[PDB]
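Should a chain be cited, it is by its letter among A, B, C, D, E, F, G, H, I, J, K, L and M, assigned in written order, with residues numbered from 1 in that chain.
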Amino acid sequence: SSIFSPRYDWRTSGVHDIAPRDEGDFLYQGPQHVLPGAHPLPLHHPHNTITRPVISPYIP
Amino acid sequence: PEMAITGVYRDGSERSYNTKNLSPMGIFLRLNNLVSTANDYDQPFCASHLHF
Amino acid sequence: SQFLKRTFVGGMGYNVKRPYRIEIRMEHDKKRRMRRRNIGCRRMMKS
Amino acid sequence: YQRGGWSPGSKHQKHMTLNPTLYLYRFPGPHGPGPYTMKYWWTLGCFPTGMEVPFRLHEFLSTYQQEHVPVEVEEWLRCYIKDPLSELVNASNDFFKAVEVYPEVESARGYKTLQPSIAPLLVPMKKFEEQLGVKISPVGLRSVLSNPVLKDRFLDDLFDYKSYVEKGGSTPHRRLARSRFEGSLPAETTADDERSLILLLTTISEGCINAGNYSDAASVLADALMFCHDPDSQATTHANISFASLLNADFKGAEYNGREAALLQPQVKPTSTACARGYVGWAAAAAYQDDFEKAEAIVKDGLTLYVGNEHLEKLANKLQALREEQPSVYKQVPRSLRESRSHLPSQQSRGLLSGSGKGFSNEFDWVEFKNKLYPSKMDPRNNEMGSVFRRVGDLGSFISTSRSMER
Amino acid sequence: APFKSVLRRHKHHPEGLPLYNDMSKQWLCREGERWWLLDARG
Amino acid sequence: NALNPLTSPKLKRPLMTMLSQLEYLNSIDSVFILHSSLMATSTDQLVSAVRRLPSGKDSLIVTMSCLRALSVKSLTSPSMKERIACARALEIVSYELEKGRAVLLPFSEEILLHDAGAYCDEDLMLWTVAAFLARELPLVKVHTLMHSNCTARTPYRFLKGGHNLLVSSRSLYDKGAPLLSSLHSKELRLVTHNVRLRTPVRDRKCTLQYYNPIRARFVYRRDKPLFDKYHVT
Amino acid sequence: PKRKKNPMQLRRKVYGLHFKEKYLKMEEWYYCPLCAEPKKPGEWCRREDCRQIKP
Amino acid sequence: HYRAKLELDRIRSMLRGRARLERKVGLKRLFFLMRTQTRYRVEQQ
Amino acid sequence: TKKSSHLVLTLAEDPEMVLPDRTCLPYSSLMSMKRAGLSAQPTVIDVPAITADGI
Amino acid sequence: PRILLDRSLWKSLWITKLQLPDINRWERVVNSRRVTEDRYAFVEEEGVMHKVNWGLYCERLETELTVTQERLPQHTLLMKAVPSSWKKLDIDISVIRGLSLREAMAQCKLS
Amino acid sequence: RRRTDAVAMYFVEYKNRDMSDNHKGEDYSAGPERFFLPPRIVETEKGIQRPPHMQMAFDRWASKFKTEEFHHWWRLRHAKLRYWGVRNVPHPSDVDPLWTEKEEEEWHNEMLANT
Amino acid sequence: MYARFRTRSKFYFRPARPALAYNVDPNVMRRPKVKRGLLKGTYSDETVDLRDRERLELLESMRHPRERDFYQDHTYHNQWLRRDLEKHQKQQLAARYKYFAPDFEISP
Amino acid sequence: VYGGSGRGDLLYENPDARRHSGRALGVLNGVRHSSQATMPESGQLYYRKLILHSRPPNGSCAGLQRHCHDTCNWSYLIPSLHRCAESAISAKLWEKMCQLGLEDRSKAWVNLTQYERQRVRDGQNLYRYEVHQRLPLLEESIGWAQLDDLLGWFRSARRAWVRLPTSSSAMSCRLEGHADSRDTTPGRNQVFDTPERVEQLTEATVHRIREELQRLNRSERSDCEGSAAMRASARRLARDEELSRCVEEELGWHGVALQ
């Protein structure tokens, strides 16, 4: 719903299981922990030179 | 992924905030709300409730 | 049902047109047997 | 005009000038075909409106296509039936394992503990019954399993029967095969497997009596009687059947089995008391049928034969206690009042289950006439007022009655 | 939701009406009661 | 327990007590607290309560005050039915405690639990336990096995004290208040249920030999045309 | 001028004695000493025993 | 036109009878209750 | 509307159940049976237990 | 669609046999293909979520519920399409609730 | 009670059964096999004899029902009551006659036994 | 004396279940697959359906003699006019006999 | 914890997540204050108590008037594990695995297909999960267990091809996961040392088997002395022999010796 709405934050529990799955979930080690996908800019398509390689003499 | 942030407290309680298309600043604010509240009671702010 | 009949539980009134339509239908059944027609029920759907 | 829906299935007032509908007497509602229409579906063959197409493909598939077998295949189907001896051995092994793995009931203090249900036992016992031709009562089996000594008796007898059948075969099957062969073209004594079988069936019947199911106890004793060919075993089984029928208020069968056990006296071993028990059952059946002099004569003959066995003595003392009061009240039991008073709770339960109630199950709700239910009017055994048989008339043949006003 | 029953104690019922000095409710208290003597002369 | 220290004998079930098995009661779903008033003319409700113990999700709390009341009213009661019922309840509870299916509240743990300086009896200790586990283990459904006529069934009008100014409606959920301060509010009654598990069969006793206004008319009524061979005066 | 009735107006009929005596009530019975069937005093069976000595 | 249907549908448990069963009756009841309680809190409490 | 419904019925075993007495007969029936000649109390006879000793 | 999974809708409705050829299998798009794995279920074990076989898990739940209801010491019977209005049937059931079998049968035969 | 209208039923009879010429020893605990057959008789009064005029009247009235026209009336009554909506009335194809040769023979044997 | 009776609110208000859009139950891929009624608590050891062919006599016995049912041997409407089946019956036919469609056999 | 799933249940049902519904949440049954319309404050203990205790009894609640199941019986918990092992590994697969293990001693694994290997692994996984879910009831009912079920405790593990841990093997290690993130919520009965508790349960059940055998032999000897005759039943002799063979065989299969 809209952010300026009462129905936006009316889900208080039940969204997340308290137990984490033992296959992909991990803990935050700290600032030096390189998180996959984390980027300062809003990137709706977070690709890099490996997933979407550029074909040019230099990287833009 | 579930666009929500959850906080699990020491008394076994949970508090979830919705973060769908919400700015990272708003996510930070709701995370600070989580770390600030204790999630043990819900009482009104009235004259008969100012003193616990 | 004695207490019910005493305290009037149920419709104090009753049907009035039946004690005559019954004999009318019996006479009609006599006429049908005369005319060699099969006898039918008086009220097939009004029941 | 039109104070509701427009479809014929709606529930409110309609009119012909605005919502004209064709005459639909009775049709299924919006959820499903109710019983009022399934009655027509099964009797008339279609719903009473005639607008519905009879679609019985599913029941056709369930009955006819399933029961259809080509003759060339059914000619060989019977040539591949499982071996009866191996089937009996496997069924006995499975039933014995399932009875042995039954847990022992824990005795609590202050209240009665619920016995564990016989869930994994109904199928092995079913195979055992269908392979041996004898039905076992589940209530009796549960009671035998609850009873610690009866459970041990049953286990020992079943193990003996298993060993005897696995080492020598099935003596009832041998007897039936030899009888059929002799009929196509004598009698041996009761074998060890037959002895173990009748012993375990007697244990089952004793457990069923301890439960309180006298009909099933008598039935188990009856189908166990078919496996004994020895005079001692037959006399014991007849005494048991007499006692079970006495408890079940089957006075006729009790008297018959008692006099059979009594007749088996000359060819029985002198140590057995089955003949004394048969005399006891006969006298008790007589006393329950209210033949006090007959019961006294029977118990006197039984005493003279057996000089005063404890059971006969107690029965004679009871009969004498009744005889010291019957002439003090009526000098005898009236002939038109014999076998009229209920004495046992078995017949009370039977009457509760299959009596005539107020409104239904009486001679005014529905009457049975050759496996067909009839209304109270169409009762061929009664011509009371309100029956259709009072409107027959002379049928244009001859004046049967001298009645002037009716018939 | 609360519910005040329609079957109430009536003045014509044999059970009758109560005396609030004898009743035992949550909103009645007789612990800190005191007795005063009022004189209506003049 | 999750922290494994190693990475970095015979087991026997003791007597179940509340303060030593708080961890067990939190995993348990429903907890029925027994009251001695239930043992009136029958023990069928106690039997139906102990029938739910082998379910693995139900527990039974019997207190020493309850046991003392049971023994007292088994030895001194104008009703032999009640005396027999209380003796049978004693033996049932003893069997359950010996087997380890019901939990016991000894007198030492009763001292440790009850609020300081407060006199307690069966009626007050029932609600003391109820308020304690309703405040500390909120995820456990608490029931009370009491008699329909028991005055302790409604604590906020019979067991409530005076007009105390140091208690409020939220005196049940604050960990610093005494346990019995919750008697003044209806929240204890809201969180605790009083249920009859399985009443004995509703079959009426034989009343043919009591006075019947419809059978009394036939006492002096003439019935000559009702009999043929056995006329009796 | 009638209007729809709420569930509480429907249940008020149960509070009366005319509703309970018609629907919610049991029978006083015993076993017929001759037929061993449940039986109410005052009514009897079609039987030469239960007609002479009607229990 | 907003009537807070989705917000007031959660509190039909606190009502009773036809207001708790049927949605429109319960919504009208809760709307009236909230409006009157707001009025009382504003100018009478 | 020809209405029909479904019916759920569960029978459970209760060893602690004590059924009331339903064999109590009225005084009228008692004295009528006495007048006829039948015993007021049902005749009970001890039946020896089932024994598998002869087999 | 560029890649159409078997359980997705496109110009069609949901049919169980068409959209779920094998209910124990779960299809997904791995490297622009239809890759099918064993469908699983998440269960709490030792404080974490663990993957168990979904088919075995459902079979186990079903068989356990059935065997518990079976070995429960009672007997339930559902008689459908009873020729009576449910209001009157509940009226008559209220008198028989909470009785014994003997008293129930007696009241039914005497009413 | 009568199921149709729930009316209370009453068995009315005469008292001196044994002092009567007719109905001497008749048993009314259960009706006869057919409504035209003689009523049941207790085993004790099997040798009883009835007045000859009443016996002849009953024999005539009973022989009235031994014809095939009565079987036709019976099936036609089945058809009429089935067309009139009365339930539990079988089809005139499924119905069977009340009186047949072998049944009449065994009933005659029983009547000669009861003399 | 008097048995406790209570009027049920389901007999006063019970609407229909929410239907499925595009015949899709939104949690088929999310919830386990257990037999209906098990997890809810609906269980039965024996189900006697009074609409079967073998229960006809029991149904007609439990019914009252006063209530009559007509058109037992005939029918008001002529039952020899050919007309189509119900939608679900036609769907059953189409789902069972699929080889009736033209060119259903695989070639070659 | 009341309505959703109990202590020994197998169904994982998150009470706050309505993943089994077919309709959006319209009405919340357990609500204390109207302010819970737009913020139910769920997750707080005192509110989730009222939210969860107002749920109707499901097939696992066994409501107060309805008769409950003797779930905490060892004589029920052991055949449950055996039926789990049976549903996991079929009969033909079990026979083939026994043949291969007797012929090559875990060396003929190349003969099995990948589907059968995955079936065995999934069966071991589900059996470990069920042992985890039944462990509290097992350790609670170990006192009054009977010899047949005590031996079935090993029979079920052998059928599921799970070698019980003693101080293939699947109960040897814990599920990997950091303690700072595991679900340590109270009220959710979940053991954390399974290789440590299953081992002590196995030791306890071995001691219980020894005690049951000694008690049975002592009772038989006392009965024989009271009868003053050496008349042992053939059924009892055969039963004693077969159980004495089966116990030692199935204990040696796991590695534990009865001493």
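The rule is short, and it goes like this: contacts are C-beta pairs under 8 Å (C-beta built on N, C-alpha and C of every residue); 3 or more make two chains touch, one makes a residue touch a chain.
Touch-path distance (fewest steps) from chain D to chain M is 1. Common neighbours of chain A and chain B, listed by label, are M. Among the chains present, the centre nearest to the common Cα mean is that of J. Per-chain Cα centroids separate chain B from chain J by 37 Å. Computed from the mean C-alpha positions, the centre of chain E lies at a distance of 42 Å from the centre of chain G.
Computed from the mean C-alpha positions, the centre of chain C lies at a distance of 54 Å from the centre of chain H. In this assembly, the C-alpha centroid of chain H lies 50 Å from the C-alpha centroid of chain M. Shared contact sites, meaning residues of chain L that touch two or more other chains, fall at 1, 3-6, 9, 12, 32, 38-39, 43-44, 50-51, 59-61, 63, 65, 68-70, 72-73. Shared interface positions of chain F, defined as residues touching 2 or more other chains, are 2, 43, 47, 51, 173, 201-204, 206, 208, 228-230. With touch defined as above, residues shared between interfaces to two or more other chains in chain K number as follows: 3-4, 83-88. By the touch criterion given at the top, residues 3-6, 8, 11, 20, 22-24, 29, 32-35, 38-39, 43-51, 59, 62-63 of chain L touch chain J in their complex. Touching chain D in their complex are the following residues of chain M: 70, 75, 144, 146, 148-149, 233-235, 238-239.
Remark: chain J residues 42, 44, 47-51 touch chain A in the complex. Touching chain M in their complex are the following residues of chain B: 8, 11-16, 39-42.
Of all the residues in chain L, the ones that touch chain M in their complex are 18, 25-27, 30-32, 38-41, 43.
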